[PDB]
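*Asks:* Got a structure for you, questions after.
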Number of protein chains: 16
Amino acid sequence: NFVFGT
Amino acid sequence: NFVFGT
Amino acid sequence: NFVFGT
Amino acid sequence: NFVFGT
Amino acid sequence: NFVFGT
Amino acid sequence: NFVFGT
Amino acid sequence: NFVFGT
Amino acid sequence: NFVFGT
Amino acid sequence: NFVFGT
Amino acid sequence: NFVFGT
Amino acid sequence: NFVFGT
Amino acid sequence: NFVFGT
Amino acid sequence: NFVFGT
Amino acid sequence: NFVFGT
Amino acid sequence: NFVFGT
Amino acid sequence: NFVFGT
């Protein structure tokens with residue numbers, strides 16, 4: 001899994 | 001803002 | 001793990 | 001789970 | 001304001 | 001765990 | 001200003 | 001836990 | 001004023 | 001422990 | 001400004 | 001002025 | 001865990 | 001102000 | 001451990 | 001001015 005919020 | 005994760 | 005920033 | 005509110 | 005968590 | 005800020 | 005961490 | 005009020 | 005703690 | 005200040 | 005890491 | 005520590 | 005508030 | 005910790 | 005500053 | 005370390 002990965003999460004990448006900007 | 002940011003959110004980063006695994 | 002996660003990092004969260006304003 | 002994660003929560004990210006700004 | 002902010003809320004961050006897991 | 002959580003962090004909450006005004 | 002207030003920050004609370006669990 | 002931590003508390004940070006200013 | 002301030003309040004700091006754990 | 002806590003510290004409180006006016 | 002706030003950054004929290006799990 | 002007052003500071004109190006537990 | 002880490003906390004970084006400025 | 002600041003709060004730093006682990 | 002934590003450090004807190006005004 | 002105040003700094004507190006745990």
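Following the order of the structure tokens, first chain is A, next is B, and so on, with residues numbered from 1 inside each chain and ligands from 1 in the order they appear.
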Report as a ChimeraX atom specification all protein, DNA and RNA residues lying within 6 Å of residue M:5, evaluated on only C-alpha atoms, omitting residues in the same chain fewer than 3 positions from it.
*Replies:* /K:1-2 /N:2-3
*Asks:* From the DSSP assignment of the backbone, select every residue of chain M that is strand (DSSP E), and format the answer as a ChimeraX atom specification.
*Replies:* /M:2-5
*Asks:* Measure the distance from atom CA of residue G:4 to atom CA of residue F:4 in Å and round it to one decimal.
*Replies:* 5.3 Å
